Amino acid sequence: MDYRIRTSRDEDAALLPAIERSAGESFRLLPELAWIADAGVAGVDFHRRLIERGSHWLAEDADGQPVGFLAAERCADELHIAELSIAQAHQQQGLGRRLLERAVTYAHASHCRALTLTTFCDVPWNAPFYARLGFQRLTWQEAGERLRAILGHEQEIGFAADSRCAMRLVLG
């Protein structure tokens, strides 16, 4: 009943879209957001690009099969958390927290000033969860140009501006 966190490798990339698809099944019982469950997921090219940079981790079960991942990208002096997904059958076992812990340890080791993300404000496993870990909700102005651009494009593909926010965890 134990899991391990490790760096992702190139051979793992092909397995990751199915994990992101499985993770999104949690949105089918939110009526306003149920469409998310059949939204796109990142392709293998995206994962391979970040695995080459080294900023990509996964959780594996006792048989070594990947069951969740965290894909991140260094952007200037910040580590941006692009996607964090745990497969449905392995949610609520602590793995999301453990992958975030790994990402922040890597951000500190690589001399990043802060971590960033964008997410839903009022989904219980999104912004409220991240806030308990120290991520701060940003105003539009505090978001800065890079995160503002993401939020703007999100509004073109289905997200409602009033339901999304950028967040930052500053490493003191």
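Residue positions are given as counts along the sequence shown, with the first one as 1.
Across the two stretches, 135 to 143 and 26 to 34, the PDB entry reports the greater mean Cα temperature factor for 135 to 143. Per the PDB record, of the two stretches 59 to 67 and 124 to 132, 59 to 67 carries the greater mean B-factor over its C-alpha atoms. For the set 75, 87, 95, 84, the PDB entry puts the maximum C-alpha B factor at 75.
The PDB entry assigns residue 157 a C-alpha temperature factor belonging to the middle third of its chain's modelled residues. Among all modelled residues in this chain, the alpha-carbon of residue 167 has a temperature factor (C-alpha) in the lowest third.
Ranked within its chain, residue 119 lands in the lowest third, by CA B factor from the PDB record. In the PDB entry, residue 39 places in the highest third of its chain by CA B-factor. The entry lists a Cα temperature factor for residue 104 that places it in the middle third of the chain's modelled residues.
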